[PDB]
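*Asks:* The following block contains the structure, expressed as structure tokens.
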Amino acid sequence: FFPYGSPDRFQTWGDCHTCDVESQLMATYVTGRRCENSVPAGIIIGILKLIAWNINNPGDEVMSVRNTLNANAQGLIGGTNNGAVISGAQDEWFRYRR
Amino acid sequence: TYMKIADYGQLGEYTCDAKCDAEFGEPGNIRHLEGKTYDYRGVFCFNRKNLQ
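Sequences listed follow chains A and B, in order.
The opening position of the first sequence corresponds to residue 60 in this note's numbering, with each subsequent residue numbered one higher.
The opening position of the second sequence corresponds to residue 16 in this note's numbering, with each subsequent residue numbered one higher.
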């Protein structure tokens, strides 16, 4: 929460080169860490599962898991056939997703 | 525009007596000057959003 108590307001009433609107509020921070600065692991398992799925699914075998329970509309074979989800990557990358 | 009196000049000397004559001297000078008026202007504007 930005403290509503303002420390100062350096406004510039009256100007025709910039029409004195504002310089926007900016912020600097770090999202670093220790010599172990970050870990891109954990989201490597979904990548590997996607790799294996695309190795053993070249694109001629019919594979489709179903999302909705009743049907879609017509006599068609459901569908979720995307990849990275029928392989387990989406539900392993969701842990690092806001 | 306005006038200016440069100098009245010399008119008449201390002439001698018994001399049926005189001297024209030297006429003065009257100049005629003039001057303009200059303008002074500027601009300032707003954003009409913080003004409300």
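Every residue, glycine too, gets a C-beta built ideally from N, C-alpha and C.
Mind checking if A/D79 is an interface residue toward chain B, Cβ cutoff 8 Å exclusive?
*Replies:* Answer yes: the Cβ-Cβ gap between A/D79 and chain B drops below 8 Å somewhere.
*Asks:* I need the DSSP call for A/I114, collapsed to helix, strand or coil.
*Replies:* The answer is helix: DSSP assigns A/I114 an H, G or I state.
*Asks:* Using beta carbons (cut-off 8 Å, strictly below), is B/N62 in contact with chain A?
*Replies:* True, the Cβ-Cβ gap to chain A drops below 8 Å.
*Asks:* Can you give the beta carbon distance from A/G137 to A/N129, rounded, assuming they're within the 8 Å contact cut?
*Replies:* Contact flag wrong, Cβ pair sits at about 11 Å.
*Asks:* Got a sec, what are the start and stop residues for the beta strand (DSSP E) A/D150 sits in?
*Replies:* Here A/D150 belongs to no beta strand (DSSP E); instead the alpha helix (DSSP H) covers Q149 to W152.
*Asks:* Can you tell me which of the three DSSP states A/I103 falls into?
*Replies:* Of the three classes helix, strand and coil, the one that applies to A/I103 here is coil, per DSSP.
*Asks:* Going straight from the alpha carbon of A/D150 to that of A/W72, what length do you get?
*Replies:* Going from the Cα of A/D150 to the Cα of A/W72 covers about 53 Å.
*Asks:* Taking Cβ positions only, does A/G73 come closer than 8 Å to chain B?
*Replies:* Answer yes: the Cβ-Cβ gap between A/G73 and chain B drops below 8 Å somewhere.
*Asks:* From what residue to what residue does the beta strand (DSSP E) around B/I20 run?
*Replies:* Taken as a continuous stretch (DSSP letters only), the beta strand (DSSP E) holding B/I20 covers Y17 to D22.
*Asks:* Quick one, which of A/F61, A/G101, A/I106 and A/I110 has its alpha-carbon nearest A/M85's?
*Replies:* Of the listed residues, the one whose Cα sits closest to A/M85 is A/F61.
*Asks:* B/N44: which of B/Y17, B/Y23 and B/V58 sits nearest, CA to CA?
*Replies:* It is B/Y23.
*Asks:* So is A/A148 buried or exposed if we call it buried at 16+ other beta carbons inside 10 Å?
*Replies:* Buried: at least 16 other Cβ atoms inside 10 Å.
*Asks:* Among B/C60, B/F39 and B/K51, which residue has its Cα nearest to the Cα of B/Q25?
*Replies:* Among B/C60, B/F39 and B/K51, the Cα nearest to that of B/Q25 belongs to B/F39.
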